[PDB]
Amino acid sequence: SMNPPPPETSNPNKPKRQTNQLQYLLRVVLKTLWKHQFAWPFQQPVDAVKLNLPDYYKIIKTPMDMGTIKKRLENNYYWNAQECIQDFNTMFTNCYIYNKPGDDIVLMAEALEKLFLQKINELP
Ligand SMILES: Cn1cc(-c2ccc(C(=O)Nc3ccccc3N)cc2)c2cc[nH]c2c1=O
């Protein structure tokens, strides 16, 4: 199909370890973006088939979405907060490199990214 297998969300060979920053990323950062009115296009992998975007996964080499990030946090996939922040950054980058500037989806991403950066500015 137009769609790749979704990203893995569990790392079983990794030890399970909480950190203050990972708790913050799940319980403050992800939670705040997840509940936002503009979160909905970002809560699951882009379904290029249903959306008829045949070039999406030609342009986007590293798919990422908030649902994947949420599950990765819930399964303690990330070794540290920077790995999680990188996935958020990738999700926004994908939106900005695929969609035309000023598209509704880009304006949605920009609003979510601003909130993300504001919360990251207070990472413990
Ligand atoms: C990240 N991202 C997401 C999306 C994206 C857009 C729409 C949906 C979606 O579920 N639409 C919908 C609304 C109401 C009823 C049924 C459906 N299917 C999901 C995703 C997208 C589209 C162009 N470009 C991007 C884009 O970059």
Side-chain angles (χ1 to χ4, degrees), residues 1-16 18-30 32-34 36-49 51-57 59-60 62-85 87-99 101-124:
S1 88
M2 281 163 215
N3 293 337
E8 304 272 326
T9 63
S10 183
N11 181 357
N13 296 326
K14 155 182 189 295
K16 298 296 174 276
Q18 216 50 259
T19 72
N20 285 324
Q21 288 195 345
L22 285 168
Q23 292 278 25
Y24 184 86
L25 274 162
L26 175 58
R27 299 178 65 92
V28 176
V29 182
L30 187 280
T32 290
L33 268 66
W34 191 261
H36 195 276
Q37 66 160 315
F38 292 160
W40 64 267
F42 304 94
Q43 288 172 328
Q44 48 305 300
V46 169
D47 185 342
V49 175
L51 301 172
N52 202 42
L53 311 175
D55 62 331
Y56 185 85
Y57 290 109
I59 297 159
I60 299 306
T62 307
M64 198 28 71
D65 65 280
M66 279 227 297
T68 294
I69 295 169
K70 177 174 190 283
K71 288 316 301 175
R72 285 180 171 191
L73 284 161
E74 291 170 349
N75 295 323
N76 200 239
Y77 175 99
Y78 299 113
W79 291 87
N80 59 58
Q82 285 308 321
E83 235 190 332
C84 178
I85 288 161
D87 277 354
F88 274 104
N89 286 337
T90 295
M91 172 184 78
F92 293 122
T93 294
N94 290 346
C95 190
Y96 300 145
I97 72 174
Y98 176 78
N99 301 286
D103 274 6
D104 277 346
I105 191 71
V106 172
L107 291 186
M108 310 164 72
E110 284 184 353
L112 295 170
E113 194 195 5
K114 174 166 140 182
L115 190 48
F116 168 72
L117 295 168
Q118 290 173 335
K119 294 303 182 174
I120 287 303
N121 276 348
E122 318 191 79
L123 192 81

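Here, residue 1 is the first one in the sequence, and each next residue gets the next number. These numbers come from the heavy atoms of this one structure, side chains and all, not from hydrogens, waters or symmetry mates.
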Modelled atom types, side-chain donor and acceptor of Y98 and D55, under 3.5 Å: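 Yes, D55 and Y98 have a side-chain donor paired with an acceptor closer than 3.5 Å.
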Would you mind reporting whether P7 and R72 have side-chain heavy atoms less than 4.5 Å apart?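 Yes, close enough: below the 4.5 Å cut-off.
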From CA spacing to verdict: side chain to side chain contact (heavy atoms under 4.5 Å, CB included), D87, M91: CA-CA 6 Å; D87 277 354; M91 172 184 78; over 6 Å; no
If I take atom [atom1] from residue [X] and atom [atom2] from residue [Y], how far apart are they, to the nearest 0.5 angstrom?
X    : Y    : atom1 : atom2 : answer
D47  : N3   : CG    : CG    : 4.5 Å
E122 : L117 : CD    : CG    : 12.0 Å
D65  : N94  : CG    : CG    : 9.5 Å
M2   : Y57  : CE    : OH    : 11.5 Å
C84  : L73  : SG    : CG    : 4.0 Å
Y24  : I120 : OH    : CD1   : 6.5 Å

What do the steps show when you test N89 against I85 for side chain to side chain contact (heavy atoms under 4.5 Å, CB included), and what is the final call? CA-CA 6 Å; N89 286 337; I85 288 161; 3.8 Å; yes
Side chain to side chain contact (heavy atoms under 4.5 Å, CB included) against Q118, all qualifying residues, sequence neighbours excluded: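 Partners of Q118 by the side chain to side chain contact (heavy atoms under 4.5 Å, CB included) criterion, ordered by chain and then number, come out as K114, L115.
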Could you list the residues that satisfy side chain to side chain contact (heavy atoms under 4.5 Å, CB included) with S10, not counting sequence neighbours?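 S10 satisfies side chain to side chain contact (heavy atoms under 4.5 Å, CB included) with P12, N75 only.
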Yes or no on side chain to side chain contact (heavy atoms under 4.5 Å, CB included) for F88 and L33, after CA distance, side-chain angles and deciding distance? CA-CA 11 Å; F88 274 104; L33 268 66; 4.0 Å; yes
Name the residue from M66, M64, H36 that meets the side-chain contact (heavy atoms from CB on, under 4.5 Å) definition with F42.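 So, applying the side-chain contact (heavy atoms from CB on, under 4.5 Å) to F42 and each of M66, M64, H36, only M66 qualifies.
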At their closest point, which heavy atom of [X] faces which heavy atom of [Y], and how far apart are they?
X    : Y   : result
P15  : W79 : CD-CH2, 3.4 Å
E83  : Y77 : OE1-O, 4.5 Å
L112 : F38 : CD1-O, 3.5 Å
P6   : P45 : CB-CG, 4.4 Å

Using modelled atom types and a 3.5 Å cut-off, is there a donor and acceptor pairing between side-chain atoms of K16 and backbone atoms of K14?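 A pair under 3.5 Å: yes.
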Does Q21 use its side chain to pair, donor to acceptor, with the backbone of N80 at less than 3.5 Å?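 No, the answer is negative, given that no donor and acceptor are paired below the 3.5 Å cut-off.
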With a 6.0 Å cut-off (strictly less than), is the heavy-atom count around CD of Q44, excluding the residue itself, greater than 12?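 Check passes, neighbour count above 12.
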